[PDB]
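Worksheet: the structure to be examined is printed underneath.
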Amino acid sequence: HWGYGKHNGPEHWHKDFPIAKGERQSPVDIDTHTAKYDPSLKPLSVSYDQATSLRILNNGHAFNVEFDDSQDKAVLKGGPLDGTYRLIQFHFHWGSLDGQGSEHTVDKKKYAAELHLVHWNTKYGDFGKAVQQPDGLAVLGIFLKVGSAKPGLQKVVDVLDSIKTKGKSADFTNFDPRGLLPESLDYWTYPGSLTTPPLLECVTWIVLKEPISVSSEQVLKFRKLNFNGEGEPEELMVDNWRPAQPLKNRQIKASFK
Ligand SMILES: CCCOc1ccc(S(N)(=O)=O)cc1
Ligand SMILES: CCCOc1ccc(S(N)(=O)=O)cc1
Ligand SMILES: [Zn+2]
């Protein structure tokens, strides 16, 4: 079973998921000087006003806040995207230390964590079909740095005690993901992949330039989660990030000057 340990971590993934060495793998380092401003890029449209969260799940790799994606309730459009992408879930990747945890890096800088809001292209009907398409998903990535608390994150933090171990879920309704965004929607974008197995090359990445601030106490609570199931040897859920992969034949575009 793949994971983030020494014996099943990112180095090993290629043996069961050979696409790990593919042509459009994620995450990548974002070289801010080499990224090119693309004036043809449109403003992102994030329309989360009708979002319906349902549940939070510890899946043994991270925790997912899941949404009702059976209607156009929370959608991402514009920017580099053609069509409409529906929010299905968000999750984070984080470190054991404030100095690491993000998947994308910015001029080699690692943030304490990275939020992924995962959306699927409605033209493919559902998430499972969408991941089989080169333009199936749009993932909005947001960096977390440690400083002031993010008030909109606290409801997530406070439920983590109830999903400590792999396979635990809890009702999680009425959560508003707008509370997790920074002020600016300036972004970088490039074609990539899921950052965990199956590592499918189905993602348009949209990574926001402005990080959000979360408190040390907030991230500390992420680090109390467990990779293991209940009754198994405990192993803290930390450093659940894949390192930057080769950019290969790709250009990162910036929405901003
Ligand atoms: C005895 C357990 C097998 O160990 C492994 C499980 C999963 C992988 S991976 N990361 O290729 O999918 C490797 C070894
Ligand atoms: C196809 C089941 C796995 O779904 C996902 C795996 C990883 C991501 S990430 N970390 O790239 O946003 C999203 C969906
Ligand atoms: Zn992710």
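Remember, it's 1-based here, ligands and their atoms both numbered in the order they're listed. The figures here come from the full heavy-atom set of this structure, side chains too, leaving out hydrogens, waters and symmetry mates. In what follows, residues are counted from 1 in the order of the sequence shown.
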Check whether [X] reaches the backbone of [Y] with its side chain - one donor and one acceptor, N or O, closer than 3.5 Å.
| X | Y | result |
| --- | --- | --- |
| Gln218 | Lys150 | yes |
| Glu235 | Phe227 | no |
| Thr204 | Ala138 | no |
| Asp239 | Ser96 | yes |

Mode of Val139 contact toward ligand 2 - side chain, backbone, both, neither (heavy atoms, under 4.0 Å): side chain

Proximity to ligand 2 by part of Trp205, non-hydrogen separation under 4.0 Å: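 Only the side chain of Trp205 comes within reach of ligand 2.
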
Option passing ring pair (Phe, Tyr, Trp, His ring centres under 6.0 Å) with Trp94 (candidates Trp241, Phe63, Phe143): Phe63

Derivation and outcome, ring-ring contact (aromatic ring centres under 6.0 Å, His included), residues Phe175 and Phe90: CA-CA 11 Å; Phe175 179 79; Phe90 70 78; 5.7 Å; yes

Which of the ligand 2 atoms, numbered from 1, are nearer than 4.0 Å to a heavy atom of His91: 9 (S), 10 (N), 12 (O)

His116: numbered ligand 2 atoms lying under 4.0 Å from its heavy atoms: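 Listed by number with element: 9 (S), 10 (N), 12 (O).
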
Element-labelled atoms of ligand 1 that are located less than 4.0 Å from some non-hydrogen atom of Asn8: 10 (N)

Apex the Zn ion (ligand 3); atoms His93 NE2 and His116 ND1; angle rounded to 10 degrees: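 The angle at the Zn ion (ligand 3) comes to 100°, rounded to the nearest 10°.
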
Check: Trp120/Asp69 side-chain N/O donor and acceptor closer than 3.5 Å: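 Side-chain D/A pair, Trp120 to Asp69: present.
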
If you have a sec, work out which protein heavy atom is nearest [atom] and how many Å separate them, to one decimal?
| atom | answer |
| --- | --- |
| atom 5 (C) of ligand 2 | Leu194 CD2, 3.9 Å |
| atom 10 (N) of ligand 1 | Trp13 CD1, 3.1 Å |
| atom 2 (C) of ligand 2 | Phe127 CE2, 4.1 Å |
| atom 9 (S) of ligand 1 | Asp16 OD2, 3.5 Å |
| atom 4 (O) of ligand 1 | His1 N, 4.4 Å |
| atom 14 (C) of ligand 1 | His7 O, 3.9 Å |
| atom 7 (C) of ligand 2 | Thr196 OG1, 3.6 Å |

Nearest-option assignment for atom 11 (O) of ligand 2, heavy atoms, candidates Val131, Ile88, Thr195: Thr195

Salt-bridge contact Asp82-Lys123 (side-chain N to carboxylate O under 4.0 Å):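 Salt bridge flag = no for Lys123 with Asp82.
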
Parallel, tilted or perpendicular, as decided by the 30° and 60° cut-offs, for the rings of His116 and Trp205: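 Taking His116 first and then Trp205, their aromatic rings stand perpendicular (interplane angle over 60°).
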
Heteroatom proximity flag, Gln89 to ligand 2, N/O under 3.5 Å: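 No; every N/O pair is 3.5 Å or more apart.
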
Residue portion contacting ligand 1 (non-hydrogen atoms closer than 4.0 Å) for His12: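 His12 to ligand 1: contacts from backbone and side chain alike.
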
Proximity flag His93 to ligand 2, non-hydrogen atoms under 4.0 Å: yes

Proximity of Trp13 and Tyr4 rings by center, below 6.0 Å: yes

Min side-chain heavy-atom separation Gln25-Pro246 under 4.5 Å: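 Not in contact.
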
